[PDB]
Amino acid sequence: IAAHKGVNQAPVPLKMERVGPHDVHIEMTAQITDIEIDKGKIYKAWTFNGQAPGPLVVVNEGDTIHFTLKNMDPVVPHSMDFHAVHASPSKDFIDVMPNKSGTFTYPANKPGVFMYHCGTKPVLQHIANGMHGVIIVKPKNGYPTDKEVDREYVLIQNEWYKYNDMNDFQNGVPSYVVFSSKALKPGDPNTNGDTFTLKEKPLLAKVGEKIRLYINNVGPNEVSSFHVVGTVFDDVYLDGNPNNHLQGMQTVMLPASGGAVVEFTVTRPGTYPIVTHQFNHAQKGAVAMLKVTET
């Protein structure tokens, strides 16, 4: 796209503020930003806020979201679809033109770990170029295992294809399949979907801890066979809904856009890989590490 040549828009922080007991404002950009998805491989990603996946959004069950998209793409329209919300797609997930903003309002009345993404046709194009992320809606009543959890992180799986190539996006195998982590609390890592960062800078935990991961597989196209090496999931809540409660799972099948809360105990010091067990994907990047130490 001639108007994206040489474009590399610096990442912009997510803006969020609570405006009432049940109402939140969120402001995101659509922007075009170079991301290093594998060593020496730059992808001029279509993004929210210069991250791909986009920035983590966390709201409470029952919060109405008043969402603004500021479209910094000089020539492509963009839009936002939160899977968390009840909305009219044809009124509320509509396009925002280059250099314009739009504001849309809709309720998040279901707990869980939801994909969000650009909803502009062709949606496959906008997602595959980078316009995906997660919104967590925290359950009013928690999870029944909350008191057991020592530490928590967010991990998101996505694929990367040949650049902006619709034939590849539709018909081709992924070039890379990757994990990223998005921060929940100060100090947590906040990374993009790449083949290396979570190997070189593993997530951290302590021996004996029960870990919760909020996970989503945003695709665009593949399903995920999510597994942590050296443990078993003690508890799993499909889509992060507390009702959908499995136990003792070695691996969690996630559809494209599928989420989960998963919990597991790390009993011994060491480095624990986190994989999709579809090992062709793992080979192509989708292995993160969790380093577990006595401190």
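Just count from 1 along the sequence shown to find any residue number.
Per the PDB record, of the two stretches 249 to 257 and 266 to 274, 266 to 274 carries the greater mean B-factor over its C-alpha atoms. Comparing 278 to 286 with 13 to 21, the stretch with the higher mean C-alpha B-factor in the PDB entry is 13 to 21. Note on the listed residues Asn243, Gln51, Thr68, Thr231: the highest Cα temperature factor in the record is that of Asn243. Based on the entry's C-alpha B-factors, the most elevated value among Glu209, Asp81, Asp194, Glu159 belongs to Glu209. Annotation for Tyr116: CA B-factor lies in the lowest third of the chain's modelled residues. Among the modelled residues of the chain, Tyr163 sits in the middle third by CA temperature factor in this PDB entry.
Ranked by C-alpha B-factor against the other modelled residues of its chain, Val85 falls in the middle third.
The deposited CA B-factor of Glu36 belongs to the lowest third of values across its chain.
Compared with the other modelled residues of the chain, the Cα B-factor recorded for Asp63 ranks in the middle third.
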